[PDB]
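J.: One structure is given below, represented as structure tokens, and several questions about it will come after.
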Amino acid sequence: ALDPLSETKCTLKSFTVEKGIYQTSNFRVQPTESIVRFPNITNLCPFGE
Amino acid sequence: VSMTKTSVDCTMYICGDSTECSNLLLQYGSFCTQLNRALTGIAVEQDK
């Protein structure tokens with residue numbers, strides 16, 4: 001996880017890489033926030049009954 | 001002559017960003033890495 005070059009060597013399991021293009025991982029995107037929305041309820045449930 | 005090139009992340013398709021799911025999939029071995037090699041190997045042939 002130092003640089004993309006080292007990520008390639010760990011993908012192919014070798015210290016010497018040949019000329020070409022290689023796949024490493026996916027471009028995941030972590031979310032920044034979390035939205036929470038509920039209806040405007042005001043009653044409390046009658047669980048005493 | 002050629003097909004529509006495709007590629008499928010075997011982890012996201014099964015485990016849609018779930019830590020509990022991904023941790024269990026890691027115990028199944030290299031089933032995930034195999035499928036990403038075949039589809040990647042197929043996509044190269046469609047350019048040849």
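If you're wondering about the labels, chains in the structure tokens are A, B, ... by order shown, residues count from 1 in each chain, ligands from 1 in order shown.
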Tell me which protein, DNA and RNA residues are within 10 Å of residue 36 of chain B, counting only C-alpha atoms, leaving out same-chain ones fewer than 6 positions away, and put them as JSON, numbers by chain.
T.: {"A": [23], "B": [7, 8, 9, 10, 42]}
J.: Tell me, which residues of chain B carry DSSP alpha helix (DSSP H), written as a ChimeraX atom specification?
T.: /B:10-14,19-25,31-47
J.: Do you know which residues are at most 9 Å from segment 22-33 of chain B counting only C-alpha atoms, after dropping those on the same chain fewer than 5 positions away, and could you put them as a ChimeraX atom specification?
T.: /B:9-12,14-17
J.: Would you output that residue set with C-alpha atoms, as a tab-separated table (two decimals), in the first residue's frame?
T.:
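result.tsv written:
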```
chain	number	residue	atom	x	y	z
B	9	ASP	CA	-16.39	-7.34	-9.45
B	10	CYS	CA	-17.23	-10.66	-7.80
B	11	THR	CA	-17.13	-9.04	-4.34
B	12	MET	CA	-19.50	-6.12	-4.94
B	14	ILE	CA	-22.40	-10.69	-3.94
B	15	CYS	CA	-21.53	-8.49	-0.93
B	16	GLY	CA	-22.87	-5.00	-1.57
B	17	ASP	CA	-20.44	-3.20	0.76
```
J.: Write out as JSON, numbers by chain each polymer residue whose atoms come within 10 Å of residue 25 of chain A, counting only C-alpha atoms; drop sequence neighbours fewer than 4 positions from it.
T.: {"A": [7, 8, 11], "B": [9]}
J.: Could you save those same residues with N, CA, C and O atoms as an mmCIF file, in the first residue's frame?
T.:
```
data_model
loop_
_atom_site.group_PDB
_atom_site.id
_atom_site.type_symbol
_atom_site.label_atom_id
_atom_site.label_comp_id
_atom_site.auth_asym_id
_atom_site.auth_seq_id
_atom_site.Cartn_x
_atom_site.Cartn_y
_atom_site.Cartn_z
ATOM 1 N N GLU A 7 1.496 -2.224 -5.407
ATOM 2 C CA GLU A 7 0.220 -2.927 -5.493
ATOM 3 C C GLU A 7 0.206 -3.885 -6.675
ATOM 4 O O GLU A 7 -0.434 -4.941 -6.623
ATOM 5 N N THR A 8 0.908 -3.531 -7.753
ATOM 6 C CA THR A 8 0.996 -4.421 -8.905
ATOM 7 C C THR A 8 1.798 -5.670 -8.568
ATOM 8 O O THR A 8 1.396 -6.786 -8.917
ATOM 9 N N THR A 11 -0.132 -8.047 -6.701
ATOM 10 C CA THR A 11 -1.177 -8.681 -7.498
ATOM 11 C C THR A 11 -0.621 -9.850 -8.300
ATOM 12 O O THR A 11 -1.242 -10.917 -8.363
ATOM 13 N N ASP B 9 -17.051 -7.243 -10.750
ATOM 14 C CA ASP B 9 -16.395 -7.343 -9.451
ATOM 15 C C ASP B 9 -17.156 -8.376 -8.631
ATOM 16 O O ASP B 9 -18.256 -8.112 -8.143
#
```
J.: In Å, with one decimal, what is the gap from atom CA of residue 30 of chain A to atom CA of residue 43 of chain B?
T.: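 Atom CA of residue 43 of chain B lies 28.5 Å from atom CA of residue 30 of chain A.
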J.: Using atom CA of residue 46 of chain B and atom CA of residue 5 of chain B as the two end points, give the distance in Å to one decimal.
T.: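 Result for atom CA of residue 46 of chain B versus atom CA of residue 5 of chain B: 7.2 Å, one decimal.
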